[PDB]
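Asker: The amino acid sequence is not available; the structure is as follows:
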Ligand SMILES: Nc1nc2c(ncn2[C@@H]2O[C@H](COP(=O)(O)OP(=O)(O)OP(=O)(O)O)[C@@H](O)[C@H]2O)c(=O)[nH]1
Ligand SMILES: Nc1ncnc2c1ncn2[C@@H]1O[C@H](COP(=O)(O)OP(=O)(O)CP(=O)(O)O)[C@@H](O)[C@H]1O
Ligand SMILES: COc1c(Cl)cc([C@@H]2c3cc4c(cc3C[C@H]3C(=O)NC(=O)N23)OCCO4)cc1Cl
Ligand SMILES: Nc1nc2c(ncn2[C@@H]2O[C@H](COP(=O)(O)OP(=O)(O)O)[C@@H](O)[C@H]2O)c(=O)[nH]1
Ligand SMILES: [Ca+2]
Ligand SMILES: [Cl-]
Ligand SMILES: [Mg+2]
Ligand SMILES: [Mg+2]
């Protein structure tokens, strides 16, 4: 039932804050934590993401983490900043300098035990905790290094709860530093072992969507984070809203993950919106969603095959029509859905639409095409590693270059394991 | 855009129909084991009917009738005719037949009871032994019966048409093959083009042992026969020339002397098993192409020898029949964005 | 009078159990609070409805039922529902977290922690029975609880009540109605383990119920409530002879005796007619000949298959309403001459017929119109093996790649259990082939 | 086409019509299966924590 949410690092906290702003609006909770809605479907499964404090106040089950104080200081003064439990802000002062080793081994080690203190308090106040969700990026230091360090500690203490992450993949198109392939390659190693399901959010796909389709010539991180919080809202809808299908994290993982290491999902949303009035139809809503230009991992689905797909439609629409169109997309391109997992596309409907949209569709796909994403990261990694470039930042923190070779090998194996199922 | 699947690569008929579907742009062929198909050109043996009609959002159609084998295998056909009241123990158009199991119920006691009587009656008593090659004609029951004890398959022996219609020049036998399409509404469509399989050898009543004068099969004439292709190309005579010969020699027409009986025999057989194989209220739909084999005796009376379930067309006719299968059987269920068939109806 | 205890396991078993007991109360004139005015004996009974309803001094008639689900929510609605007062708290068992569509998680991991509690609550009902015939067990084939925990319960019921009959109502998975991707695994697993513990299993394909709800009730996307209300009428039709005065199928042993000549082949096909929408203003009432003929239309079977291409071992017609024996034989005589109904050689070709004069009860506000006569045909045909072939094929596709297997091994099951279970199904299909063709 | 064993009561009738004549593990074994799966789960958890200890 209950989910504990963790957001680590600058990117983790900026997409996490936007996530809570969006779903608090959907569930009718104002920045003070007071409910002010008109429907009661909102409050039926509110406990999944909110604790009810005394006085009919709903407080997110969220823990905010960073090695640098600045980003969370902006959260606390942001729109919904006062809605978070003040004790659940955990932060150091040193920063991680975009260094995975600092977040995972040195500065992050100094702070991880107090984060787990707060994780315990929130878990103990759970009727029947189902798992955790972590928002972070893979290309910096705190969210990727200390983030993955948090995952393995959490798994040690709760070995039988579901571990779920929204992971932002770095891209040179939207790059803060040159060491991002190093931090990503080291993180994917951790994620491939200690998470049950990871939503791959590629910053390159977000940038192309903001520019090629949304037509924004100069996108800001706010523009990208508009798409992420929209995506995050869609995938969690079945978890936090009453419907014919009441979903949980474990049934999601059991049905989406045919093999333990292949748990990296590419999400998709339609209609892609930029910060309209012409509502879509179920036909065009389905075609956009499955199109590449609507997907958040910068991969071509036609270059791989879908192992499993889970899809959800928001709004007042005919379920018979949603079935025809989903069955139509399958039966017309059945080449791209594997034949050894029968009925691998599932579809849900929730009549409560997202804010500003009459109808919307969200898409969770376990596709072999995701191997393109790890191929991209491994190539950028190798280009520098073959010359040992920028490595001193990491050996200065006690890492040996053998750990780099191991992380690169494990990712290449991952790419290879996706390749074999693309042919069978 | 429809989706179909092919599961018998050998059939020349349904290989050509697949090309035509693809040649409309609106049909794409899927892999063999992809279950999300509109149409299946399934295999001849052990076709999985139990898996059709369960895919959500798909109207599924297969090119075979489940249960049609009762008509298309020899022993079953004999038991189907003799035991169905809708065909009587004796229908005037099927030779007296008896199904008999080898050494390893059986009618061999019944056959000899009839065979002996005919021997005592002095009536000509030549019988033919067959199974679903290994073909034996003889005038004594014991010669045929020992012949089938070697075989491990259940055999059937029926009366031999000692007096056949013999085409002149040549004093030669023939068999007429008709192609019949039964669509999902169980309409029966006779193709207006048939074929005559001609023996290139004069008919001899003394030695039923030499094969060529008695067997009109194309392979039995292509290889084991002496002057294949002498009178007509490939020992195949078509209806237009057969009609001309009947007009010239017998002063009749193919339609009256033969084709009315052929239409009656096809209708009787297919209406007989209709309640057992019809897909009228089924969760999937079936059609099927049939090959009926007919014999014509000296009185211009038509006899049914065999019904074939996986038949092959004549090369010249292939284009016209395979196209007609699409329009009548396939596009009646899956439309795209004069008639070559005679409809047989009650 | 000998009692029957009903057991409802998992979401599908509990929700169908809700639909049935709602219908049983209407059929016996029992108010939602448990009062039955028609019963003239207060606090005690030897009547036929006492096989399903115990009696209390206050006049409350309580179902002899247990509802067990590892998740709390679906049973929490029985507790808050209209028939809440009908059920005793000790009858409604819940856990904290469900089996995640994982047979192994429901059979092993969570099954161990709650099996002894379910058996104590069941014995608490058996101890109020002067003579128990056995149990009716309602579950899904595809759910984690419905498949995993049921097969564990079936094993312990065979141990603890060895001389008792066990009947199954099982929901066969169908992708039209919300399914997991691993439901073929769970179906083959639970069948292999339960096959020797069930004496008769009535199998219900969700595809059949869904399709009847769209064709006959013209609901374009049915819900579980639509499905279950229809399933409840079929179940009620099958269990009516246990709850009403009659001479056919009066105890659980007779279902085995009349329907299951060979023990492993114990899956009768059920066919139900007529199903008419309540929205039909002008509707013409069907006759005995019509509804008995509809019993051989594949579109009215609980499992989609073709009985023409099989052999019958046993056939039982259960009529409800204005039916007379004379009209049944007339309808039978005409149908036999018009349909391909071939029995096996070692069985009498015949029909056990039961008529109950009370026409089917329907829930007020339901999609089912009330008719004057209806019939359920229970027939053991080898044609239902088509349902096993479909399922085994889906199982084979996934298992060839070991897809999703790690979830089952993760709960302590051994990969070999998959192959043992699959091999049992291969044996079962062969048994149908020997008898069938 | 005969009717046999016809019974009548107030609630209805039952009869037969013949058209043509004819031509387990114990408690402890279960406890052991369940306990065998439990140790396999425990053995897997220990290997994980051993890996997490490294
Ligand atoms: N006919 C019918 N089928 C149902 C119903 N509820 C669930 N199902 C079917 O049951 C299967 C899923 O099994 P469930 O009963 O929901 O699962 P469960 O037994 O609760 O086990 P877990 O949830 O995995 O712990 C699917 O095939 C559904 O189609 C119902 O109310 N009626
Ligand atoms: N009763 C009979 N009288 C005369 N000829 C007969 C006969 N039965 C069979 N034949 C001969 O057998 C030849 C073909 O064999 P038959 O039709 O019996 O089996 P077959 O396998 O060759 C055709 P199919 O593929 O339709 O089974 C015919 O051309 C005909 O000359
Ligand atoms: C946001 O939408 C979701 C979410 Cl969060 C979770 C699900 C999963 C799910 C996912 C599957 C699938 C089956 C199921 C079962 C289903 C259920 O009964 N409960 C549950 O949690 N389920 O089969 C193949 C592909 O994926 C589905 C959707 Cl649509
Ligand atoms: N989508 C998105 N990506 C971000 C955001 N902020 C930083 N990133 C990306 O994340 C990486 C840097 O990680 P960051 O969160 O700043 O590092 P950390 O705080 O030390 O964990 C780079 O690849 C950035 O492009 C954001 O708000 N949105
Ligand atoms: Ca009483
Ligand atoms: Cl006992
Ligand atoms: Mg930063
Ligand atoms: Mg459940």
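Answerer: Cool, the structure landed. Residues are numbered from 1 along each chain as shown, chains lettered A, B, ... in the order given. Ligands and ions are numbered 1, 2, ... in the order given.
Asker: When you work out contacts or count neighbours from here on, use the C-alpha atoms and nothing else.
Answerer: OK.
Asker: Endpoint to endpoint, stretch B:82-101 covers what distance?
Answerer: Start-to-end span of stretch B:82-101 (C-alpha to C-alpha, to the nearest Å) is 17 Å.
Asker: Can you report phi and psi for the closest residue to ligand 5 within the stretch 1-150 of chain A?
Answerer: Closest contact between the stretch 1-150 of chain A and ligand 5, by C-alpha to the ion, is at residue A:44 (42.0 Å). Per-residue torsions, residue A:44: phi -70, psi -40 (degrees, to the nearest 10).
Asker: so who does the residue nearest to it when sequence neighbours are not counted touch?
Answerer: Nearest non-adjacent residue to residue A:44, counting by C-alpha to C-alpha, 6 or more residues apart in numbering or on different chains: residue A:242, 6.6 Å away. By C-alpha atoms under 8 Å, 6 or more residues apart in numbering or on different chains, residue A:242 lies in contact with A:41, A:42, A:44, A:45, A:350.
Asker: these two touch, right, the last one and residue A:311?
Answerer: The reference is to residue A:350. No - counting by C-alpha atoms under 8 Å, residue A:311 is not a contact partner of residue A:350; they are 11.0 Å apart.
Asker: need the contact list for the residue nearest to residue B:227 when sequence neighbours are not counted.
Answerer: Take residue B:227 and drop its neighbours on the chain: the residue closest to it by C-alpha to C-alpha, 6+ apart is residue B:200, 5.9 Å away. Counting by C-alpha under 8 Å, 6+ apart, residue B:200 makes contact with B:170, B:172, B:212-213, B:221, B:225-231, B:235.
Asker: before we move on, the earlier item: most neighbours, which of the contacts of residue A:242?
Answerer: When neighbours are taken as other C-alpha atoms under 10 Å in any protein chain shown, the top entry among the contacts of residue A:242 is residue A:350 (21 neighbours).
Asker: on that earlier part again, next one: phi and psi at the residue nearest to residue A:44?
Answerer: The phi/psi pair for residue A:242 (degrees, to the nearest 10) reads phi -70, psi 140.
Asker: Measure how buried residue D:47 is and give me the count.
Answerer: For residue D:47, the count of nearby residues is 11 (other C-alpha under 10 Å).
Asker: Sitting in strands, which of the contacts of residue A:242 do you find?
Answerer: Counting by DSSP state E, those place residue A:350 in strands.
Asker: List the contacts of the longest strand that chain D contains.
Answerer: Ranked by number of residues, the top strand in chain D under DSSP E is strand D:12-20. Identification of contacts with strand D:12-20 by C-alpha under 8 Å, 6+ apart yields C:246-248, C:325, C:329, C:348-357, D:1-8.
Asker: In the sheet, which strands lie alongside it, parallel or antiparallel?
Answerer: Strand D:12-20 sits in its sheet next to strand C:349-356 (antiparallel), strand D:2-8 (antiparallel), going by DSSP bridges.
Asker: And the contacts of the longest one?
Answerer: Okay, so that is strand C:349-356. C:246-248, C:314-321, C:323-325, C:343, D:11-22.
Asker: how does it look with 7 Å?
Answerer: Contacts to strand C:349-356, defined as C-alpha atoms under 7 Å, 6 or more residues apart in numbering or on different chains, come from residues C:248, C:315-321, C:323, C:343, D:11-22.
Asker: Mark which of the residues you listed are buried, thanks.
Answerer: Buried members of the contacts of strand C:349-356, counted by 16 or more other C-alpha atoms under 10 Å in any protein chain shown: C:248, C:315-321, C:323, C:343, D:12-17, D:19.
Asker: contacting residues around the residue of chain A found nearest ligand 3?
Answerer: Nearest to ligand 3 in chain A, going by C-alpha to the nearest ligand atom, is residue A:247, at a distance of 3.2 Å. Contacts for residue A:247 (C-alpha under 7 Å, 6+ apart) come out as A:238, A:239.
Asker: For residue C:100, see how far away it is.
Answerer: 10 Å.
Asker: Likewise for residue B:55?
Answerer: Separation of residue B:55 from residue C:100 (C-alpha to C-alpha): 25 Å.
Asker: who's more crowded, these two?
Answerer: Each of residue B:55 and residue C:100 has its neighbours counted (other C-alpha under 10 Å); residue C:100 has more, 23 against 19.
Asker: wait, doesn't that one sit right on residue C:144?
Answerer: Yes - at 6.0 Å, residue C:100 counts as touching residue C:144 under the criterion of C-alpha atoms under 7 Å.
Asker: Weed out the non-buried ones from the contacts of strand D:12-20.
Answerer: Among the contacts of strand D:12-20, those buried by neighbour count (16+ other C-alpha under 10 Å) are C:246-248, C:325, C:329, C:348-357.
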